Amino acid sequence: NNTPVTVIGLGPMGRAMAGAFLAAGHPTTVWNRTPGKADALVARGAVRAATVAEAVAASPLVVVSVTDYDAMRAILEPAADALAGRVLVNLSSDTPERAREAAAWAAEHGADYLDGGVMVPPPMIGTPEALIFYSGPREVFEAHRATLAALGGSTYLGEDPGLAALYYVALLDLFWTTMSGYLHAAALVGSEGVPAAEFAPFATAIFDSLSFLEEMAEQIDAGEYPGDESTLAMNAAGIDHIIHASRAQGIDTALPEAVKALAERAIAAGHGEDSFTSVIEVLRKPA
């Protein structure tokens, strides 16, 4: 496949995507608002477009990887009319609603539109280990799936453009919450002189089974959260201990308190005898 491709936005993700398109043999044209981020890509045969319009004109497939909808629109407005008949693959949707605005805006200028999302480190881009997911017209995805495969694995999610954006914010939700839990744990143990370097191996070990993911999934889908011998009321006591320990060590407690509140809400609704997974019930209900 030698379909020409354009990549707009050369943050670390845009650069890895352009690099992957080149490595797969596509003629790649790149553009960034800030000059000087394209040197390695040019050295590997990318063409550095001088204007957005020239960038859009170079390819039937335009991949946009910039901060958000507002940046995407300001970038592309001067060349909006040049989008007619091309496919815009957008990895810059900050919300499911903005993705649908973006799809509509693209439609009013003659362009098909896929929303895209990937939650992997840039270096994994262009390897089978990168899982990229898309939503939007299935016929548009099927038509370009072979070019997009240069980026890694591809998953079609369905026709609603906001789907990919929804998955991305969810994964973003899991990531930053996880990262915050880690830093809270490091501060907890740090309050006794335990260096984060010494604690990190225990922390990573916590994540080596990843069994909880399928088991919680199966519980959520079946709508049944069998408590067994590690119930939610038990788990709430554990989170109490986190709070107590945090207070007594000087560490801030806002984060474990928020977790506590969620568990309490689930116990106040009769799941105190169910597994932790049953907390999804109160999460579906703004409080």
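When you see a residue number, it is the position in the sequence shown, counting from 1.
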**OP:** Check the entry's C-alpha temperature factors for 105 to 113 and 190 to 198, then say which stretch has the higher mean.
**Re:** 190 to 198
Subject >> Residue stretch of maximal mean CA temperature factor, 224 to 232 vs 26 to 34 >> reply: 224 to 232
**OP:** State the tercile, meaning the lowest, middle or highest third, of residue 154 with respect to the CA B-factors recorded for its chain.
**Re:** middle
**OP:** Among all modelled residues of this chain, ranked by Cα B factor, put residue 91 in the bottom, middle or top third, i.e. lowest, middle or highest.
**Re:** middle
Subject >> Entry-reported Cα temperature factor of residue 255, expressed as the chain third it lands in >> reply: middle
**OP:** Give the position of residue 147 by CA B-factor within its chain, expressed as the lowest, middle or highest third.
**Re:** middle
Subject >> residue 10 by Cα B-factor - lowest, middle or highest third of the modelled chain >> reply: lowest
